[PDB]
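Just below is one structure, and these are the notes that go with it.
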Amino acid sequence: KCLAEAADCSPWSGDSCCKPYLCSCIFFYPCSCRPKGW
């Protein structure tokens, strides 16, 4: 299981983001996995 693009993410209350998407925590709540390129 993994979080898709633009999916909310949290260390415990979440899941690992699907590759190559990465969870973005731009110092703002909530964090969200975004597509790779950024």
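Ligands are numbered from 1 in the order shown, residues from 1 within each chain, and chains are lettered A, B, ... in the order they appear in the structure tokens.
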Contacts of residue A:3 at 9 Å (only C-alpha atoms; same-chain gap of 4+ positions) as a PyMOL selection string
chain A and resi 7-9+14-19+21-23+32-33
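Residues of chain A assigned to strand (DSSP E) by DSSP on this structure's backbone: residues 7, 8, 9, 22, 23, 24, 31, 32, 33 and 34 of chain A.
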Please write the residues from the selection above to a file, keeping N, CA, C and O atoms, as a PDB file, in the first residue's frame.
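Output (result09.pdb):
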ATOM      1  N   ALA A   7      -1.386  13.160  -2.196  1.00  0.00           N
ATOM      2  CA  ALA A   7      -2.067  12.441  -1.121  1.00  0.00           C
ATOM      3  C   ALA A   7      -1.544  12.850   0.247  1.00  0.00           C
ATOM      4  O   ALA A   7      -0.342  12.958   0.442  1.00  0.00           O
ATOM      5  N   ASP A   8      -2.455  13.065   1.189  1.00  0.00           N
ATOM      6  CA  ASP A   8      -2.088  13.453   2.554  1.00  0.00           C
ATOM      7  C   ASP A   8      -1.199  12.387   3.186  1.00  0.00           C
ATOM      8  O   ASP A   8      -1.438  11.189   3.011  1.00  0.00           O
ATOM      9  N   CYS A   9      -0.176  12.816   3.912  1.00  0.00           N
ATOM     10  CA  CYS A   9       0.734  11.884   4.555  1.00  0.00           C
ATOM     11  C   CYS A   9       1.115  12.324   5.956  1.00  0.00           C
ATOM     12  O   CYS A   9       1.213  13.513   6.262  1.00  0.00           O
ATOM     13  N   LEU A  22       6.905  11.784  -3.390  1.00  0.00           N
ATOM     14  CA  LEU A  22       7.468  12.010  -2.067  1.00  0.00           C
ATOM     15  C   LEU A  22       6.571  12.905  -1.215  1.00  0.00           C
ATOM     16  O   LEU A  22       5.995  13.879  -1.709  1.00  0.00           O
ATOM     17  N   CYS A  23       6.467  12.568   0.067  1.00  0.00           N
ATOM     18  CA  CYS A  23       5.663  13.330   1.016  1.00  0.00           C
ATOM     19  C   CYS A  23       6.296  14.695   1.251  1.00  0.00           C
ATOM     20  O   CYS A  23       7.457  14.786   1.649  1.00  0.00           O
ATOM     21  N   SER A  24       5.545  15.754   0.995  1.00  0.00           N
ATOM     22  CA  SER A  24       6.067  17.093   1.180  1.00  0.00           C
ATOM     23  C   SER A  24       5.560  17.709   2.480  1.00  0.00           C
ATOM     24  O   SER A  24       4.352  17.809   2.710  1.00  0.00           O
ATOM     25  N   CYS A  31       0.964  17.458   5.537  1.00  0.00           N
ATOM     26  CA  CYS A  31       1.955  17.042   4.558  1.00  0.00           C
ATOM     27  C   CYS A  31       1.266  16.231   3.471  1.00  0.00           C
ATOM     28  O   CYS A  31       0.244  15.597   3.727  1.00  0.00           O
ATOM     29  N   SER A  32       1.797  16.250   2.261  1.00  0.00           N
ATOM     30  CA  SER A  32       1.175  15.501   1.180  1.00  0.00           C
ATOM     31  C   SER A  32       2.188  15.034   0.139  1.00  0.00           C
ATOM     32  O   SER A  32       3.041  15.804  -0.298  1.00  0.00           O
ATOM     33  N   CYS A  33       2.078  13.772  -0.262  1.00  0.00           N
ATOM     34  CA  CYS A  33       2.960  13.206  -1.264  1.00  0.00           C
ATOM     35  C   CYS A  33       2.672  13.877  -2.584  1.00  0.00           C
ATOM     36  O   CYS A  33       1.511  13.983  -2.984  1.00  0.00           O
ATOM     37  N   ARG A  34       3.720  14.343  -3.237  1.00  0.00           N
ATOM     38  CA  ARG A  34       3.603  15.026  -4.511  1.00  0.00           C
ATOM     39  C   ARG A  34       4.381  14.271  -5.574  1.00  0.00           C
ATOM     40  O   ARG A  34       5.326  13.545  -5.254  1.00  0.00           O
TER      41      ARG A  34
END
Report, in Å to a single decimal, how far apart atom CA of residue A:4 and atom CA of residue A:27 are.
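Distance between the two atoms: 20.4 Å.
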